[PDB]
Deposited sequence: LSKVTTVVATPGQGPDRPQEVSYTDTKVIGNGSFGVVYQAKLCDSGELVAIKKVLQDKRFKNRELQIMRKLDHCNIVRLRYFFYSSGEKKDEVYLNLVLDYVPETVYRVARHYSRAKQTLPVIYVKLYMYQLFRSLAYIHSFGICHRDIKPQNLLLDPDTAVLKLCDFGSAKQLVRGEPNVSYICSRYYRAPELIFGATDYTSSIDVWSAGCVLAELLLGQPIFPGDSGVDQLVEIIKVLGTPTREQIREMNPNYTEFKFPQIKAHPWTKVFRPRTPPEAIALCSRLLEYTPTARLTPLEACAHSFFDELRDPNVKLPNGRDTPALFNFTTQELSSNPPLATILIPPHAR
């Protein structure tokens, strides 16, 4: 609150050269499995920041911090600084970009009010999620907890930022990974099947679940348990052929038309995008970069596009080489003539 805290914090991206950082108006805003999250105001600039505090084992490196020190993207909450603090024990503190809203909260307001999120926002929010994934997947980093709670929004600018890398991991082919991750509703089928050799494509399934959820006003796959979740998917997508099961798993509903799950007025390209994300076969799913280049997002590339409030859209085309690395020719679609 009124107390001024001064710490010696290390720049998130820069050289390892610690600075004194003073912050104030400190309040907890989240306290869960993720740790404790604080809102605070930087003394010098008057800028709000979030501070994530997690217990550290000290005999071990923090994975989340390793990942965050690598990332610099407009659709990912930035690590401004990190520092350590003591109790008695030892905590690591991530000083992060503050973002006021979440997709969860926003979808819930619309749902509660019996309304749907306007399609322009669905395009904006989904696109920026895919850019963020294209970016992190380019390092072989899989978020592994893509869900509406982890999508932060600035409603005034329509900026979406991916947050919570506490479940993120660099996926190395041949190194086994845990299957019971992601939030249930958003959890890929291969995970429910127990695959330990999964790829970044689990994030893409999750994004599809988010997109489907923004279109419907409720989770598309609301599993009752970790096991009932597979049933919920089958109910919507129909039984996987044995070929698909082989694709998902290292060891009786039919095809349910995609244009009937959603409401009658849902844009067909949104349904078409959805169908390419929610494929049983992990490698059949679009890459995030491919998802960005999908027709559903064409309006975002229209030179006349504006937010509902008249403002320009936020950064949409400032693609780096790193972001483009999975399919560089896609730059021809992604970056429209006027943006060059």
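Residues 89 to 91, 255 to 261 of the deposited sequence have no C-alpha coordinates in the model.
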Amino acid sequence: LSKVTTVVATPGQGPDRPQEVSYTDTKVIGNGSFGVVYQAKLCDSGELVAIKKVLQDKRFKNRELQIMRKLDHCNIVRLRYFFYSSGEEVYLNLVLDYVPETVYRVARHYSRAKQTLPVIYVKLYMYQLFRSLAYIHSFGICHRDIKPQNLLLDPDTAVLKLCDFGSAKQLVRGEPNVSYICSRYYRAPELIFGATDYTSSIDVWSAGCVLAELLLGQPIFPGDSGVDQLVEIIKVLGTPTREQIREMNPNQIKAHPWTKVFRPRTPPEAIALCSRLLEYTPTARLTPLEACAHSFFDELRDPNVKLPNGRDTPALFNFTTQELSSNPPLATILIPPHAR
From here on, numbers count along this sequence of modelled residues.
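In this text, rigid core is short for the largest set of C-alphas that superpose within 1.5 Å between two forms.
Each structure in 9 other deposited structures of this protein is fitted to the shown form on the rigid core, and of 207 to 215 and 241 to 249 the C-alphas lie farther away on average for 241 to 249. Across the superposed structures in 9 other deposited structures of this protein, aligned by the core, the stretch whose Cα atoms lie more distant on average is 227 to 235, chosen from 227 to 235 and 153 to 161. Modelled in this chain, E88 is nonetheless unresolved in at least one third of the other entries of the protein that span it on both sides. For the pair 284 to 292 and 32 to 40, the record assigns the higher mean C-alpha temperature factor to 32 to 40.
Annotation for 158 to 166 versus 226 to 234: the higher mean temperature factor (C-alpha) is found in 226 to 234. Comparing the C-alpha B-factors of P100, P267, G194, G208 in the entry, the top value falls on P267. Comparing the listed residues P189, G140, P118, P257, the entry records the largest Cα B-factor for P257. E64 sits in the lowest third of its chain by CA B factor, as recorded in the PDB entry. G87: CA B factor lies in the highest third for its chain, per the PDB record. When the modelled residues of the chain are ordered by C-alpha B-factor, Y104 sits in the middle third.
In the PDB entry, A113 places in the highest third of its chain by CA B-factor.
Among all modelled residues in its chain, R184 ranks in the lowest third by Cα B-factor.
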